Every structure is written in C-alpha cells, then in structure tokens.
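Coordinates in review
Here are the chains, one letter per residue:
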Amino acid sequence: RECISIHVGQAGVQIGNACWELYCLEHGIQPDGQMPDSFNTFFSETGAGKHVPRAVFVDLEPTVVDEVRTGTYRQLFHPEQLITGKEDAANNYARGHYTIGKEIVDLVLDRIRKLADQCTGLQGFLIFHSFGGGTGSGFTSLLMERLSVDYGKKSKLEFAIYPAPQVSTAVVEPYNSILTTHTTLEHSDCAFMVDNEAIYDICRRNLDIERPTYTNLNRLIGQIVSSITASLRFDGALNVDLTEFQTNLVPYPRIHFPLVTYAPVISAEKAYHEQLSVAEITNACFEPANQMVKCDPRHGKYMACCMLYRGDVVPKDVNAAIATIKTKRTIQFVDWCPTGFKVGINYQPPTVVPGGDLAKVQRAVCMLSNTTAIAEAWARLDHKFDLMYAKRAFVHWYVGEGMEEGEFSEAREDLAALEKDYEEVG
Amino acid sequence: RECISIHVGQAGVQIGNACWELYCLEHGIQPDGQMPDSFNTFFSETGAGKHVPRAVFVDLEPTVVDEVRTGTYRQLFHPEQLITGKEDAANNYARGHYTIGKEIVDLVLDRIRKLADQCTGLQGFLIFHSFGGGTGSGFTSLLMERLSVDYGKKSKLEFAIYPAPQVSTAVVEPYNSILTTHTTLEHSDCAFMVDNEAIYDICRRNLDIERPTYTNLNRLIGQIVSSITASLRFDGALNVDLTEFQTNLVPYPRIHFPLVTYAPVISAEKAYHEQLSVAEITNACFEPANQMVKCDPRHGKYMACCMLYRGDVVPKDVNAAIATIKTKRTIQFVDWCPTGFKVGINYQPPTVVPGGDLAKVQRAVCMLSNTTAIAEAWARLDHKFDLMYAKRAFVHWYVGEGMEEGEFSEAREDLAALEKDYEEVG
Amino acid sequence: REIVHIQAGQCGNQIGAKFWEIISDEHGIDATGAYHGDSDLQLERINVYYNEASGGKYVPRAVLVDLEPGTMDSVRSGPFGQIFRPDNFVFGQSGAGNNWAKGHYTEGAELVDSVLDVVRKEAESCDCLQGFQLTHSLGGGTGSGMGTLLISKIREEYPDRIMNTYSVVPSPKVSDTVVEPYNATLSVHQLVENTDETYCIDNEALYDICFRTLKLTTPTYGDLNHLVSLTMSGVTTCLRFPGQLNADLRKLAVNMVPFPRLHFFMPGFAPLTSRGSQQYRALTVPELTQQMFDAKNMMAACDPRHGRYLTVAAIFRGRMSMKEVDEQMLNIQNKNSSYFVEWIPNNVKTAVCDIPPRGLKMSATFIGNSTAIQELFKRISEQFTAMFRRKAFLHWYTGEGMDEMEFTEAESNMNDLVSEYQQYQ
Amino acid sequence: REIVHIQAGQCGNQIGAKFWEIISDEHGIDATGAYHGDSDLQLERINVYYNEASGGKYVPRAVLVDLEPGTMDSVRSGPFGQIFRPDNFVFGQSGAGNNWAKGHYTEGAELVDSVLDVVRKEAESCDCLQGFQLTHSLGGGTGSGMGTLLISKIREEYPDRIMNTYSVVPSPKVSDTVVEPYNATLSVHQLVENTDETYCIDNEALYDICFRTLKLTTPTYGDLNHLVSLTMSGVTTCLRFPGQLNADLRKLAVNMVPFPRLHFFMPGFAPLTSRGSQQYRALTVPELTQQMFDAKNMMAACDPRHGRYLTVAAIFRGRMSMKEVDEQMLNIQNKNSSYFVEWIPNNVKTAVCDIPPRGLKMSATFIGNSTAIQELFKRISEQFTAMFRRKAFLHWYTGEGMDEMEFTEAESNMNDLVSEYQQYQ
Ligand SMILES: Nc1nc2c(ncn2[C@@H]2O[C@H](COP(=O)(O)OP(=O)(O)OP(=O)(O)O)[C@@H](O)[C@H]2O)c(=O)[nH]1
Ligand SMILES: Nc1nc2c(ncn2[C@@H]2O[C@H](COP(=O)(O)OP(=O)(O)OP(=O)(O)O)[C@@H](O)[C@H]2O)c(=O)[nH]1
Ligand SMILES: Nc1nc2c(ncn2[C@@H]2O[C@H](COP(=O)(O)OP(=O)(O)O)[C@@H](O)[C@H]2O)c(=O)[nH]1
Ligand SMILES: Nc1nc2c(ncn2[C@@H]2O[C@H](COP(=O)(O)OP(=O)(O)O)[C@@H](O)[C@H]2O)c(=O)[nH]1
Ligand SMILES: [Mg+2]
Ligand SMILES: [Mg+2]
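Residues numbered from 1 in each chain as written, not as in the entry; some residues may be left out. Chains lettered and ligands numbered in written order. Part of a larger assembly, values for the part shown. Heavy atoms only, no water.

Its PDB header names cryo-EM as the technique used to obtain the model and reports a resolution of 3.8 Å.

**Here's the deal with the pattern of salt bridges**
All names here are of chain D. Keep this limit in mind: Take a side-chain nitrogen of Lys or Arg and a carboxyl oxygen of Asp or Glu: if they are within 4 Å of each other, that pair is a salt bridge. In this description a helix means any DSSP run of H or I spanning at least four residues, a strand means any run of E spanning at least two, and both kinds are numbered starting from the N terminus. When a residue's accessible area, from a 1.4 Å probe over protein chains only, is under 20% of the maximum for its type it is buried; when over 50% it is exposed; and in between it is partly exposed.
The tally for this structure, following the rule as stated, stands at 44 salt bridges over all chains. Among the ionic pairs, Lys 18 bridges to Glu 21, the shortest N-O distance being 3.8 Å. Remark: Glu 21 and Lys 18 occur in helix α1 (residues 9-26); sequence separation between them is three residues, near one turn of the helix. Take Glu 21: its relative accessible area is 19%, and that puts it in the buried class. Ionic pairing is found between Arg 120 and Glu 157, a salt bridge with its closest N-O pair at 2.3 Å. Taken together, the positions of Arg 120 in helix α5 (residues 108-125) and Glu 157 in helix α6 (residues 142-157) put the pair 37 residues apart, joining distant regions of the chain.

**A short note on the sheet that holds strand β1 (residues 3-8) of chain B**
All names here are of chain B. Heads up, the rule is: DSSP calls a pair of strands paired once it identifies at least 2 bridges connecting them.
Taken in spatial order, the six strands make up an open sheet running β5-β4-β1-β6-β7-β8, and their pairing is parallel. Because the sheet does not close on itself, it has two edges, and the strands there are β5 (82-83) and β8 (190-195). By the bridge criterion, four bridges tie β1 to strand β4 (residues 55-58) in an arrangement that is parallel. Counted as the bridge partner of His 7 is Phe 57 from β4.

**Digging into the nonpolar core**
Cut-off, in case you're wondering: Each nonpolar core is a collection of buried residues, namely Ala, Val, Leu, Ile, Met, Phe, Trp, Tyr and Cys, held together in the definition by side-chain atoms within 4.5 Å. Here a residue-residue contact requires only that any non-hydrogen atoms of the pair lie within 4.5 Å.
Counting residues in hydrophobic clusters, the biggest one holds 160 residues, and the most contacted among them are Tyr 175, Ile 199, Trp 378 and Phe 408 of chain B together with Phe 316 of chain C. In terms of residue count, the dominant contributor to this core is helix α14 (residues 375-389) of chain B (seven residues). Non-local contacts of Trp 378 of chain B, meaning those with residues more than four positions away in its chain, are made with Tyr 162, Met 193, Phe 257, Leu 415, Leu 418, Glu 419 and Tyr 422 of chain B. Among the nonpolar cores identified, the runner-up in size contains 138 residues, and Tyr 200 and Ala 377 of chain A together with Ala 270 and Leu 288 of chain D belong to it.

**Quick look at the site of ligand 2**
Residues and elements named next belong to chain B. This is how the line gets drawn: Near, as used in this document, describes a residue that has one of its heavy atoms within 4 Å of the molecule or strand being considered. We define a polar contact as two N or O atoms separated by no more than 3.5 Å, with the added condition that, inside protein, one atom must be a possible hydrogen donor and the other a possible acceptor, whereas residues neighbouring each other in sequence contribute only through side-chain atom pairs. Areas reported here follow the Shrake-Rupley algorithm with a probe of radius 1.4 Å; residue values treat only the protein chains shown as occluding. Residue type decides the class: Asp, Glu, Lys and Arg count as charged, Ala, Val, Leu, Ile, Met, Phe, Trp, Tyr, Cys and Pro as nonpolar, and the leftover types, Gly among them, as polar.
Near ligand 2, the surroundings consist of 14 residues, among which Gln 14, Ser 130, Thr 135, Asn 196 and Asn 218 are the closest. Here an oxygen atom of ligand 2 and a backbone polar atom of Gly 133 are 3.0 Å apart. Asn 196 is positioned with one of its side-chain polar atoms (N or O) 2.2 Å from an oxygen atom of ligand 2. Compared with its free state, where it exposes 630 Å², ligand 2 has 92% of that area covered by protein. Elements supplying a minimum of two residues to the shell around ligand 2: α1 (9-27), α5 (134-151) and α9 (214-228). By residue number, the principal contributor to the shell around ligand 2 is α1, which donates three residues. Each residue belonging to the shell around ligand 2 can be placed in one class, and the counts come to two nonpolar, ten polar and two charged.

**Observations regarding the UniProt feature "binding site: GTP" in chain C**
Residue and element names in this part refer to chain C. Formally: UniProt positions are given in the numbering used here, feature names are shortened, and annotations may be inferred rather than shown by experiment.
Under the local residue numbering, the UniProt record ascribes the feature "binding site: GTP" to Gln 10, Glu 68, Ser 137, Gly 141, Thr 142, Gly 143, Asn 203 and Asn 225. A maximum C-alpha distance of 23.3 Å shows the annotated residues, which cover 216 residues in sequence, to be distributed over more than one spot. Tracing the backbone through its elements, the reader meets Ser 137 in the loop between β6 (129-135) and α6 (142-157). In this structure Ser 137 comes out as buried when scored by relative accessible area, which is 16%. Each residue touching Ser 137, except ones within four places of it in the same chain, is listed here: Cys 11, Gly 143, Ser 144 and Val 168.

**A closer look at the UniProt feature "binding site: GTP" in chain A**
Summarizing the sequence annotation, UniProt attributes the feature "binding site: GTP" to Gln 10, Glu 61, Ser 130, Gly 134, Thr 135, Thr 169, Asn 196 and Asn 218 of chain A in the numbering used throughout. Residue placement: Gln 10 of chain A occurs in helix α1 (residues 9-26). Apart from the residues lying within four places of it in its own chain, the contact partners of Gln 10 of chain A are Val 64 of chain A together with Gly 243, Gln 244, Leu 245 and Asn 246 of chain D. The topology assignment puts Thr 169 of chain A in the loop between β7 (155-162) and α6 (173-179). Setting aside its immediate chain neighbours within four residues, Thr 169 of chain A contacts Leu 245, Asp 326, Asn 346, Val 348, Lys 349 and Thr 350 of chain D.

Structure representation (structure tokens):
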C-alpha cells in the first residue's frame, strides 16, 4: 500500500513543504533521510539507512523551488524530483494550459511512470494546488487530464484552496476559478475545498494568535492530510480505507465536494483548564464557527458525514455521542438519510510539530461532511465572473493565447448545471 | 447536583470576588486550582489536579474585571469566563437594556449554554447584582428575560442590593430601582433584598469596627450564600433543598422577597467572654437591630421563617427554642399560620477566612423570613421617584435612548399594585 | 477609552503647556519621551492620552493652534517642548487684533482646513474614543474666534462623542481690554448649543484664592495656570487608575445636567495650603469636605450663597473609607438644608480612586452645578449694554460682514440663558 | 530572467546615473566592479542586471546614448563612472537643438545603426531575457527624437518581449522651453502603439514632494533624480530577492491593463519622512497604506479625486504578516467606495518581499492606473493649439520634411486617447 503526492505552484509547494516535515517527525526520520515498518506508504528505502519520499515538486518559476534546494531539507529528495521552468504563467490559465504548460507536461509524466513502477499496491495520488493562479490551475488541470486517461480507475484526491469573496489578492481571480471547474468536475474522485478567510478566523479566535502568516495556515492543512491517511499507516479498533470512505460519502457521481473541519485546536495555556472529552469534541466539529470554508450549514441539509477519531477513544460512547447529535433539530439531515455516519477509530495519537501553534493532545477528530450548503460558495462567485465578463475586460490577454471567446460560455454553463444539481437533490 | 452563578457589574463582580475566595478555603483548593468528593456542586475537574468554578464574570467596562485577571486568583478562572465590554452604560437603564445591551448579551448566553451542557442535574442559578446602576440593572434584567424562556421551570435566585433612603451615592438612583421591578416581579423564583446602610450599623455595633469599607461588607454576604447551599454540599440530621425551601416559604406566587439575617457575628476579643448556645442565637436572629434591611418587623406580621443551623446542634432543644419564641406577643405571626418554622440542622461548622473580620465559632444560624415589614422599603422609594418625576428631570437622557414617556407609568403602576398585595395579605 | 486634546490661542497654549508638564510627571515619562516609572498601574492605561512610537517612546495627543507665530516659539523652546510632534504645531502669520470678526470669517477660515486634517488623523488612530478637550479664553480674538469655529465644525462630524471645553470668562475688576464685552457675548451665543459640558473660570477669583489661602505675594501667570491644571487633571483620574467606585466623563454628564442647556460648571479643589501652615493641619476626609463647599474657595467670581445647588460631585484620591465619605456628605446636606434644591433628593455624586497625587495622601475635586451663575452673565451683559447703545467700536467688526442683527441676537440669546436659570432657582 | 538597460538624452543619463549608483550598493558591488557582500541572497540573482567578467569583476547591462559629448564626459568622470564598459558610451558630435524633426530624421538616422549593433550584442549575451528599460524625457529633442526611433526599431525585432518606459512629461507651471508642446505631442503619437506600459512623472510634482513632505528648502536635480530611482529599483525587487508572494513584470501587465490603450501609470512611494520627524513615527503596515493613497503624495501632477481608480498595485518590502496586508486593503476599498470603479471587484494587486531596503525595516510602492490622466493630456494639448493655429515656430521643423498632415494627426490621435479614458470613467 503506497501513495504518491504531486505539488503544483507556489501554493502547492508551500503546502507540500509543511506536510513533508510533518511526516518525518511522525516516523522518526531525520532531515538527511536516515532513521535513528509502516513507512512504505510514503517512503522508499535504499540499501542501508536511506529513505526518500514518494514526492514530486513541480513549478514554472525557479524562485520558490530553489528555496527547497537550499533549505534544511535539501538531502531528503532526489535531485530529479524537483522540476522547475523558466517563465511563469503570469496568472494566465490560457498560458498554463496551452502555451507554457505543454513544454513541461511531458517531463513530469515520464517521472510519474518511474515512481509508479516502484509501488506494488498503488491506491492513488494526492494533489495540492490552488485556484488562484494559472500556473497552479492551468497546469494542474492539464496534469490530471493526462493522469486520468493513462491510469483510469485509481482514486485521485485534490486539496484545493478556493478564492475568498472579500479577502483576495489578485484582480483576475474569478476568470481562473471558473475555467478550472470543468476539469475538476469530470476528472477527480474527491475534491476538498479550503478557504483562506476561514482559516484566519480559526487562528484569531480559537488559537488566539495575533498575526497569522502563511507559515501557520499551512500547518493546519498538514494536520488534515495526516489524519485521513493515518488509517493506512497504523492499526486500530476500526478501519476505514480510501475506497471504503468514498463509498459511504459520495451518493451521486456529481456530488463529491466534502467540507472539512478539525478538532481540537487549542492554545497551550487555555488547554490546561479544559478537559477534552469525546462528548464535546464531536460537538465542536458541528460548530459553524469552526467550518474551514466561509459557509453556513444552517442553510443546508446534511447528506452524510465521516468521523475519524484517533487517540484514546472506545466505541461504547461514540454511538452515544452520535446519538446525541441526531436528536438536535438544529443539525438537519435529509429524509432519506436515517443513518449518515461513518466512524473510524485509530490507536495513534496525533503528533505535534515543534515550532507550531498547537498543544499536545491525547484525542483528535477529523470531520468530513458532504452537505448541500456549499451551493453558495459558487453562486456568489459566478456573479463576480459574470459582472466582469459583461464589459469583456482582460479578455484580450487570454484570447491571444489560443482560447476562444466561446470558451467562457461553457465555464459558466458548467457551473450553471453543477449548481442546479445540489438544489435538485436538496 | 450543580448550580451556576452569574456576576454582573462592578457590584456583582466585587461580591463574587469575595465568595470564590471563601469557597476555595472550604474545600482545600489552592488559587492555582489544584487540590492538596462534594466539590462537584460548584467545581469541574479537568484530568488531574485541576478544578475550575462554574462561574461567569460579566461587565460592560474593562476596569473592574481586569483587576481579577492580574490578581492572585488569575489561575482559577477559565479565561473565556471573563466577559468585558468597551463602553459602560453610564448609569443609564435605557443604554443598558436597549443600546449597549445586545452587542454583549449574545456572547454570555452562548457561554451559559456551554456551562449548562456539562451539568447533569442542574439545580438552579445564583445571580449577583445591584439596583444602583443601569449596567447592573438594565443588563441583568435582560439576562433573566432570556434565561427564563430558554429554561422555563428551573429555579433562579438573586441577591440584590437595594438603595438606601438616606445614605445613597448617586443622583438618579430612584429612576433605576423602579424600572427593574417588572422583570424581577415576573421572572424570579426567589429574590433577596439587602440594604447598604443597614450593614453599616451591624458593623458598627456588633463587630465594633471603626471604618467598614466595601471589603468587609462583601465578606458578610459570602457567609449568607455559603450557608444556604451548605445543605447540598454536606450531610446532616435534616436536609432542606432549594426547591424544598421555596415550597415552605413562599405562600403566594407574587410574594417572594425574604429578609435575611445571620447569627452569630462577634469580634475576636469579645468572643471569649460570651458562651454561644442555641438558646440565644435563635433570639439574636429576631432582634430588629440585626435585620439586614432598614425595616422594622414591629410594624409587620410574620408569615413564615426558616432557620438553618450548622455545626454542633441537637434537635432536642431546637424545638424547645422555637417553642419559646412562640410565647412572645412582641413577635407576631399571622392567624392562618398555626406553625411557621422550617428547620434544617447540618453537620459542617462554618469556616473563618483568614484576614477577615469574624471569629471562629462552633455553631451558626441563618434566618430567612417572609414578612410584611418590607412593604415600607418600597413605599418610601416610590415617593422619591414620583417627586423627581414631577418636573421630568433627567428624563431627556432616557427618552433619546429608545424609551417613551409612558414607560415610567408602568414602573410606578406595577409598584402601585404590588404594595396592595402585601397590604391585602397583611 | 482615549481622548484627544485641542488648544487655541496664547491663553490656551499657556494653560495647556502646564498640563503636559504635570500629567507627564504623573505617568513617569522623562522630558525626551522616555519612560522610567516604577508602579505597573502607570502602564495599564497609558494610551488614554498618548500614542506609541518606534524605539519605546511616547508622544501626546495634543494640537497647538495659533494665529501668530510668537507663542509657538515660546512653547517649542520651553521645558518639555520636544515632547510634541513637529507636525502638530499649527499657526498662521497675520494675527487677530482682538477681533472676533477677523478670527471667524476672514483669517481663521483659511487656517481652519489645516487643523481639521490633523484632528481627523488623530481621530482615526484612536480605536474607540469618547471626547475632545478644548482649552481657550473668552476675551481675545483668536481663542474665541476659531475656538467657536472648530466647535461647530467638530460637532457636526461627531454628534455622538462627548465634548469638553474649559473656558475662562472675563471679569470687570481685572478688566484688561476695551472691547471685551463684544467678544465674550458673541461666543457664548453658540456655546449654548454646540458643547456638552462647560467649565467657567475667572482671573478675578484666581487672584482671590492666590493671595489669601495660598499666601502668595507674587501671583504671576505661572501659578494661575498651575491651579487650573490640577482641576483639569483631576476629573479624568478615574480613567487612568482603578478605584473602589468609578466615574468616567459620561457618567457625570447624565448625573449633573437636568435639562440640556444647564451645563455651566464651577470648579473647586482641596487641599490648598501654604508652605508653612501645612505642618499644623490634620489628614482626614471631614476637613476636605468643608473646604470643598466653602464659598471662599470657588474658582468663579460668583457666590453660591445667592442661590441653591442643583447637583454636585466629589472626586477623592488616596486610600480612604466608604462610610466616611458617606457620612460627611449627609452632614453637609442636613446642616445646609437651605442651600440645596428640595425636589432632587440626595444631590451629591461620589467617586473614590486609588492612586493619590505624588507627595500627598488625599485630595478632592468639587464640580458643583449651581443657579448662582446667572449673576456672572448679567454683569457682562451690563458692560455690553452701555457700548452697543452708541455703536462704539462697531465699525471695526462691521467691516468683515457682520450686521446689527447679529449683535441683537447676541443680547437676546444671552437674555434667554439668564431667564432659564432664574426660573428654576 | 535578466534585463538590459537603455538611456537617452541628458535627462535620461542624469536619471540613469543614480540608478546604477543605488542598485550597485544594493547588491554590495564596489565602485570598481568588485564584490564585498555578506548575504548569499545578493548572489542568487546578481545576473539579473550585471554581466560576468574575468578576474571576479562585474559590469552592468547599460547602454548610454547621446547626441552631444558634453554629458558623457561628466558621467564617465563621475562617481561610479568606471563601472561601465567603454564600448557602451555611444554619442555623436552635432546635437539636436531641441528639434524633434532633427532627432528622428536628420541626426538620429546616422547614429541609430551604431547602437542597435550594441543592443543586439547584449541580446545575444542574454540567455532568456524578458524586457528592455528606457529612460527619457518628453521635452527635449534627443530623448524624444531618438527614443521614439529606438522603440520603433526595438519593437519590430522583438514583438514578444516586454518594454518599459519611465517618461517625464512636461508641465505648464515649470515650463522651460518655448517649443515644448510640439515635442511632447508628436512623441506620444507613437508611445500608444509601440510600448507595453508607461510611467508618467512631472517635474512640477517632484518639487511639491520635496518642499512639503521632505521639508527640503533647496531641491536640486541631485535630489529629484533620487526619488525616481527608488521607484524603478522597487518595481523589480521581486526578481532579485525571494518572498512569500511574488510579482514579476508580466504579472503586473496583465493585472493592470483592461484594454490595450489604457497603460499610463502614476507611481508613489512610502515612507518619505524628514530627518527630524522620523523619530516621532511608528513602524507598521497601516501607516504605510494610507500614505500611498494620499493625493498629496502621488508623484504626477494630476488629482485622482477628479476620477475613479481602475486598478492599483502594492509592492511591499520587509518581514511582515500576510493578513495585515489583506485587512488594510479591504479597509481602503470599503471606506473609499466612491473613488473605485464598481464593475471590477477587488481592484488591488499585492506582493510582499523579504529583503527590505538597507537601513530600513519596511517600504511600499504604489502603481495606480486611474482615469485622472485624461486631464494631464488636455493641458498639454491646449498649449499645442495656440501654436499650430498661427504656425509659430513651424518653419524650423518643416525644413526637415514634415508636413501639416503630420501635425494634423498629432492632435487627432492624441484626441482619441482622451476620448477613451473619459469613456470608461
Ligand atoms: N495556503 C497558502 N496559499 C497561498 C500561498 N501562496 C499563495 N496562496 C494562494 O494563492 C492564490 C494566488 O494564486 P497562486 O496559488 O499563488 O498561484 P501561484 O502559487 O503563484 O502558482 P503559479 O502562478 O504557477 O506560480 C492567493 O489567493 C493565495 O490565497 C501559500 O503560501 N499558502
Ligand atoms: N456591597 C457593595 N455595593 C456596591 C459596591 N460598589 C457599588 N455598590 C453599590 O452600588 C450602587 C451603585 O450602582 P452600582 O451597583 O455600582 O452599578 P455598577 O456597579 O457601576 O454597574 P455598572 O454601571 O454596569 O458598572 C451604590 O449605591 C453602592 O451602594 C461594592 O463594591 N460592594
Ligand atoms: N489664566 C490665564 N489667563 C490669561 C493668560 N494670559 C492671558 N490671559 C487672559 O486672556 C484674556 C485675553 O485673551 P487673549 O490672550 O487675547 O486670547 P488670544 O487673542 O487668542 O491670544 C485676558 O483677559 C487675560 O486675562 C494666562 O497665562 N493665564
Ligand atoms: N528629472 C529631471 N529632469 C530633467 C533633468 N534635466 C533636464 N530635465 C528636464 O528635461 C526637459 C528637457 O529635455 P532635455 O533633457 O533637455 O532633452 P535633451 O535634448 O535630450 O537634452 C526639461 O523640461 C527639464 O525639466 C534632470 O536632471 N532630471
Ligand atoms: Mg507564481
Ligand atoms: Mg462600572
């Protein structure tokens, strides 16, 4: 059982940088690759006292990847796993998909096949990227397009960063974040949406951190990915696998956008006073003040949700805690879901990274609900795209790169239908 | 069996400060929350060697609460339990109830629900506040209105400070103390009234202290509260419960204003010469020179009284001492009350706080009687309010904040009717 | 809760210069913006008046305004002159010439835009403010000219914040300018509506206090500005330090003002003792309260014995006891039952703080709203009376666009104000 | 990603001389081409501006162009004069005499071949270049006459590489030449179609910033050229040093220009503080954000308050926090909702770098594309109309071969640009 991760762009590399430091702490492996088992899921062992990850780094700009090449973690990777270009897409999806992407899309695909040869039980790939730039979107959309045809039925997971409606840093963001909808819709088995706004509020209130910079936000995402795969890397009372988890969660082929949340996140000094028991932690996951996307489930009806407990949990009370939630009329479920819970209990406590903003805890929970409230996170955005497309602003940049003026018709048409389904099922 | 205490305003927080130092000494719990049983009634345990109270501190001004945050008892209170504002109500009921009310009332009602989730057998609430300022009157009236709807039949107790007729500290006091009566009348199961100037006389004569400041008065109130709840926290010859206490004392739904008094209070040096036995401490409770509100029972007729003894008491004589009182025609009871004494004897002697103004004893008594002498403490005040309201002084402040001019009609009309009921039953 | 500071004219700047000398020593800062204090309570509420800077320095939230460059030259080079930021000094080049007309219409209208750009900058920096402090005098042209103009322009933008002005009103016995009654009457026309709480002081009475109670043989403008500052600093001591019972600026306004137009106050301070007679004095509350209510100690040339107190306040500083403050207040009301209004029971507001003034154990400040002010305005209206009959000095003001109608309103509105105080007396 | 430099005219060289003095100190390079730095990050992209030489010396990618040999002698003998390669100094012997006719047709035609052989030599030296930088003025003859001829020839050879112009456009209030309007209008005819993005700067405004904000009493061309250099140095700091979020020349161009013809920019820099008022200033992002948007600091002689911003940028330098940059940007948009275009949400671009300017902790650069430029072109156009109406000074230019048609379209084409900006206002 082995899994392969692909990072795209500055967002992907920065997120990927935090995770692969987190994994090394978990398995007791020093930065120079030597260990002073179960690690085969992510690592490959070479002869004697040398482990290297199953990672590949991709970018069209040499600046950010060179930071990995010089930093403390230079010795972990192969030299050939770190792929850089010469000219960035300059926040153009059209440049990414058609112009600059194609000269590098072949090089990595030759490298993916080399890594997929070592593995024996490939479950799937992990993709970290964002919808902000064209480099992270146009190339990734091309990169999954090649993966899906070549490999077919193996599961691919994505961990996207959605653009916020208010707190955004670019001018042409909506044009990219609509054109990516097609490729994710029909070439991804499961898509995770994470917002930059909501992580700020979580940092401000729960963690009581004054000035959250991108170091701390990336550490939060590293915990979510670590928890989902801890079912494979360790052993416990009940087990849930990726194929098992997709079966219980995705009810229809077109509805695969779970919303994630984590519990507990607590500051060091405020952690001493509170006694963190399973009865309340399962309640914290349903607080709309802790959802990782600026979305209100109060306007939606739950479809299913998956709980991933780890630490010191026994199944006697989990059903009792789950029973407690079902009695609330505040937390609503669809009528054809009398049961809407998948439960997995693991034995390994989460590990705290030194230099982080979290305290050591004995228990942890990850929540993954497929709700119908997420309709609004696209409905608001399509107004931004359509308002700007009224005067045909910025379009001259994309047209000259090979796209057609009708290409933006399908982008809003596809989101027209995809939003239509959720209200239909809802 | 647990209870939740809410302190509102400078007066409430200051009184609450005195209490929680008293409770910790009783149970041997150090200021940092660690214990070198029965403590579940007020305390919650967190893992190992950590106890935190079931208390919430509320204010609209940071000055009187951040005194707690830096003080010796910073480690005991959970940081989220201290709620502060940015602008005080400035002795306006209208600002407290209407303008400055709603931006903070929601936060605590969210915080009460979290505290009420941990409990299993919630007995009731204890509310500490005063009728002087609008912050403690306008806001506290709003909190009880929201509490009653959410919880309904659960009993709520308050410990209010009535403004004195002669020794008063503000100009606009009568306007506030009339507007609180509606929400106390219709939304309180038991209301305790205490007067500031009366406690001065008790300090002057009985304790022989030259200059009682607000430290020593607040220590006296801590002794009254601790004794009423000592029946839950310990076990003895007879038991009286909070819901048991209301049944015997309150004869009609509109008449729930008991007068409190205590025995014995004595200086350290004069404690040696006297012998304190059950025969006299039952007589000290009935002295009009020891009533806690400047009212004369000689012009009233008793309806009921409760006598809570603790320490070294035997039921053989308590019935005899109660028998002795009944033979006096100075102490009058109403005809429809052939018997009017509810008795509870407990086993734990009261504990003296070091640095205090009281001497260690083997027995103590707390008295709670429902008489008609208190009718005057409202009639005198209604003259003050009506006299000033003749010229519509100060009213311009309240009208602009959301009130209307007929609102003061209901404030006086309600106190018009309530005084009649005491007259009728009398 | 933090407050910005505005000073206008030679009169205010000389008053305001002493304030930052006294309050700075209170909070422990040196003359160069450095800090060297001991008690932690100094840093708890440092920001009520100051702004932080790089390198661990503090600068005050003050604005110095002028229509002549002479006075800024003095304050800049004086003691504690480098504390202020250079950008704050706002001054013109022409002067006012003791004209109210030039200050409002001709000269100040050009310079008014500059100051509002600065007070806007200080208003945004503060997170949640409550009030503005204004220091000026009612005799000259600049202080009464622009001082009236900003108050109207300040008020319109911020109708929800409280406003404070600490005025100095002229007196006949120390009369100094031939055209004083023209200036004073025109300004108070708009202070009756555009300010929330107003203090009045006399240079006549400040001479009465200085010779007799202080045993001062040489009262210069150094010492008078000393006395006004201590009343100025005392009101807002509840904000900067804790206390057993608290009172900020907003509490006093609701407690003292029965009707919107009756907000003209009278200061008073105690103790004030000579350098040799202090060794022969007690240290107790009852001696403080008798001095506070003494008609021989007020800071306006009006005796309260010709009227009755509406409401009063007392601000105590030091380690004291609550009953003793309570028993003293009832003693005065019972003994002096003639001098208090009857239909407002218990006319006294109370407040006690913790930190005493440095080198002292106790202090007190008296702010008492009385009906005796009606005489202090009639006396001015009499001096104005004999001048406007024969149109003396009128041509100087009429040159800038005013009319006989405006002077008619100046007397009529001053007539209305005195009527209100007589009616409720 | 490394870029070559072109300078034209006396103005450009005096601007360009300071840029290489500043940027060399930024990278640690001495006055003689040696290197003596400490941080390795200086060497990571040292090649972005310089070319390697034997023996451990560095020479820049500079080309100095002139039509008179006077200025080349000064720059050669001036500070940092030996840095340049001698072959780069290209200059003639006759001069222009403020003739735009002579700069293009008579005198630039002979000398244009010589320089293009040199820029080709640098174009072969480059591995993978992106742009050309051109620095000139729109008043004289050489800078506009040759510069427009350089751009025309450069563009045809390299239709895909990015082209930058940092122009100085004349102002009526600092008018210095009788035939300025003929020069300015005839050049702008071709900057519309042969450049990618253009920066406009006025000598009138740089006086305003020097006297007022800097408290400079004697602003000479030594100091004005200091200001413009910091803007050019700031734009390309993402290329030479790392950062949390990056922005190169291609990202800005796509993020600024909604339609191909609306590419005229206005810079602005912050902080700019006097040597005495710096001790009394904070060090935070929120102070930096307000300064950039201040209409008293924008470095062109046109008011943005007369129009609405299309888009803006902000390049920040220093070790900072990412939400703080994000929170302030929403504050300005919400508070100033009147002054931004409505049909493009979130009109702000952002970039943060790590290496701050030497001796400073923070910095910011503002690039705002507005509709307020439409007035800065009408003022020039009016000066042209009163000239060509009566054919004053026309005979001097007609002697080299232009005709009334060429001047006729000169106003007609510049008429179109004013039409576009008003249309989208
Ligand atoms: N979590 C996280 N998000 C980032 C980070 N950097 C940029 N982003 C997000 O990315 C969005 C902008 O598009 P990018 O993902 O940065 O495009 P890019 O990373 O430059 O990829 P390329 O354009 O190919 O170089 C912004 O809205 C940010 O929310 C980061 O370091 N961590
Ligand atoms: N026992 C006791 N009574 C107090 C104390 N402080 C104030 N009081 C009483 O409170 C009355 C005045 O109203 P307050 O209760 O102080 O109103 P407040 O505490 O200021 O509440 P806010 O206005 O919201 O700040 C006075 O008549 C005092 O008798 C105290 O510390 N202990
Ligand atoms: N208390 C006090 N009053 C002063 C001082 N200097 C001047 N005055 C008074 O201010 C009045 C005149 O005000 P003026 O100086 O003309 O105001 P300006 O024109 O704005 O400077 C006179 O009646 C003086 O009594 C001072 O230092 N202290
Ligand atoms: N910023 C700046 N502008 C200058 C400088 N020298 C001249 N100018 C401007 O350039 C304009 C004339 O252009 P000029 O340099 O004479 O063109 P030339 O024929 O190449 O010399 C005048 O309006 C000056 O304001 C300088 O050193 N710095
Ligand atoms: Mg990038
Ligand atoms: Mg208070």
